[PDB]
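First comes the structure, then the notes that go with it.
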Ligand SMILES: Cc1c([C@@H](C)NS(C)(=O)=O)cnn1C
Ligand SMILES: Cc1c([C@@H](C)NS(C)(=O)=O)cnn1C
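Residue numbers (the deposited numbering), protein chains in the order written: chain B, 75 to 124, 129 to 315, 333 to 359; chain A, 75 to 124, 129 to 315, 332 to 359.
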């Protein structure tokens, strides 16, 4: 991969692997989400990050995902080459945004798009905060200054408010636990695992007859390595579902989300 | 990736990804196992498969792993390029063997090696069978004829018989269940998930202070999508060795047995 000519975005090509695909021989949404993370990490490395900035390391601050929104038009098949372009933008004092565009390397057409909202947090107390001027200055140099949105449309699915699922849920998958492969290099549960857990409560018949077109996920709290999660789903409708991940015991919310599925 | 000059082996280079590494910023054994399977799949595709032969498709037969043996000297770091060479060999009527050699692309040194034993099975009845001459002639043209072993040593760990762990186990991890990401393109549990489940019963302090050097796994039965597994471990030993057992949480039916060897960091 490499930064583009202006140095304000990053591109990388990936060849879809045999273990990365599902029953239709196309990449799962989790493989797509892993690739978005990888191109994001490669972009941060290319522009000098060790994405904590110098000031963030001094004030013990980290970026945490608040929301992830993905829309897939075509899932790349096993052996296909997908090109992903990524960029970040400052959202004033609120936080930052990272966007992605997925393209078929052979045809050049857009096969998917994603957007994510990140907020600042003290890594020890876990308390959220706004973005200060000193931190905004050291990352503005890597962002386009004029707006560049993967989801430009005025009133699109990426900015919709998600309600809290009420008991009883129509479907559920209980007792979900992360294993070591679900952890990142800092021993935290990878954000992609939560996408997997959300999908676990969708019945197999829907998965077998539909393709996931849109997924919006809100992140409220982290699941620790010794935590146990319940995944809850209710049909709200194409089929649309409302989702909720909560701790098995006290019922503490960890995530909420929505999915939109198209008939094959 | 590509077949080598003689067309009897296959090589592929991989750049280690951010999500593929553990706490030390080096590839986990599961990432290594996934890469071994990807290079194996790319080798089968390059020589005309889609590794079911023409006669195998006619007799409804498939290759199934009986044993996997991996030895790692150095785990590649995040961003490093690892080159993996793979080849297959006929083992007469018993089955076939697939071997791998892992190398650091920059230094050229061997950083790991793996070997695996595969047996023929009827896809529907699940009954094992020997390799017929007709099937053997369809894949011998893709194998070196003279022996080529990743583990040549006359008394090596890859061919050791593994005993069955006796209750009570020293350590355990109960109620393990596969999710959709643990399934392959045919909706079967991926073989690499079993490596993960075996490792789950190793205490975190051993993982934090040791590096996994050798893993040998015997595959006895498949875990179905609605099955629940218990992972059991007992220390058998600067080096720590463990005996492992995966069994169904209910009836206690054996699915895998294995051994691991760990070295102090
Ligand atoms: C605290 C937290 C969040 C924030 C952004 N969600 S919240 C509480 O603001 O709704 C995301 N992950 N974690 C661990
Ligand atoms: C049935 C099976 C085996 C065989 C080789 N083990 S066995 C029958 O010899 O105990 C390996 N994986 N699976 C699913």
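Here a beta-carbon is modelled for each residue, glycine too, at the ideal position from N, C-alpha and C.
Chain-order list of residues whose beta-carbon lies under 6 angstroms from that of residue i (same chain, five-residue window excluded)
i                      : result
residue 126 of chain B : Between 124 and 129, chain B has no modelled residues, which means residue 126 of chain B does not appear in the coordinates.
residue 282 of chain B : none
residue 117 of chain A : 84, 164
residue 153 of chain B : 100, 101
residue 308 of chain B : 252, 341, 343
residue 145 of chain A : 195, 296
residue 107 of chain B : 270, 273
Sub-9 angstroms separation of residue i and residue j beta-carbons
i                      : j                      : result
residue 139 of chain B : residue 133 of chain B : yes
residue 257 of chain A : residue 278 of chain B : yes
residue 299 of chain B : residue 335 of chain B : no
residue 90 of chain A  : residue 100 of chain A : yes
residue 102 of chain A : residue 141 of chain A : no
residue 87 of chain B  : residue 184 of chain B : no
residue 150 of chain A : residue 290 of chain A : yes
residue 171 of chain B : residue 208 of chain B : yes
residue 350 of chain B : residue 276 of chain B : yes
residue 200 of chain A : residue 254 of chain A : no
Own chain partners of residue i with C-beta closer than 8 angstroms, once the 5 adjacent residues on each side are dropped
i                      : result
residue 147 of chain B : 192, 193, 194, 229, 235, 236, 292, 293, 294, 295
residue 82 of chain B  : 165, 220, 221, 222
residue 250 of chain B : 279, 308, 309, 310, 311
residue 218 of chain A : 168
residue 266 of chain A : 300
residue 203 of chain B : none
residue 130 of chain B : 139, 140, 141
residue 302 of chain A : 267
residue 225 of chain A : 167
Distance cut-off 8 angstroms: residue i Cβ against heavy atoms of ligand 1
i                      : result
residue 118 of chain A : no
residue 146 of chain B : no
residue 197 of chain B : yes
residue 188 of chain B : no
residue 296 of chain B : yes
residue 169 of chain A : no
residue 91 of chain A  : no
residue 300 of chain B : yes
Residues near residue i in its chain [Cβ-Cβ closer than 7 angstroms; skip 5 each side]
i                      : result
residue 214 of chain A : 168
residue 314 of chain B : 337
residue 305 of chain A : 342
residue 75 of chain A  : 84, 85, 86, 113, 116
residue 104 of chain A : 270, 273, 274
residue 120 of chain B : 77, 84
residue 197 of chain A : 142, 144, 173, 206
residue 155 of chain B : 90, 99, 100
residue 240 of chain B : 294, 296, 351, 352, 353
residue 216 of chain B : 131, 132, 133
residue 233 of chain B : none
Supposed close pair residue i, residue j - CB separation, criterion 8 angstroms
i                      : j                      : result
residue 271 of chain B : residue 359 of chain B : Not confirmed; about 26 angstroms, so no contact.
residue 157 of chain A : residue 263 of chain B : Actually they are not in contact, since the Cβ atoms of residue 157 of chain A and residue 263 of chain B sit about 12 angstroms apart, beyond 8 angstroms.
residue 125 of chain B : residue 93 of chain A  : Between 124 and 129 in chain B the model has nothing, and residue 125 of chain B is one of the residues in that span.
residue 311 of chain B : residue 259 of chain B : Between residue 259 of chain B and residue 311 of chain B the Cβ distance is about 24 angstroms, and since that is not below 8 angstroms, they are no contact.
residue 242 of chain A : residue 110 of chain A : No, residue 242 of chain A and residue 110 of chain A are not in contact; Cβ-Cβ is about 26 angstroms, not under 8 angstroms.
Contact test: residue i Cβ vs ligand 2 heavy atom, cutoff 8 angstroms
i                      : result
residue 341 of chain A : no
residue 206 of chain A : yes
residue 142 of chain A : yes
*Can at least three beta-carbon pairs, one atom from the segment 174-186 of chain B and one from the segment 348-359 of chain B, be found at a separation below 8 angstroms?*
no
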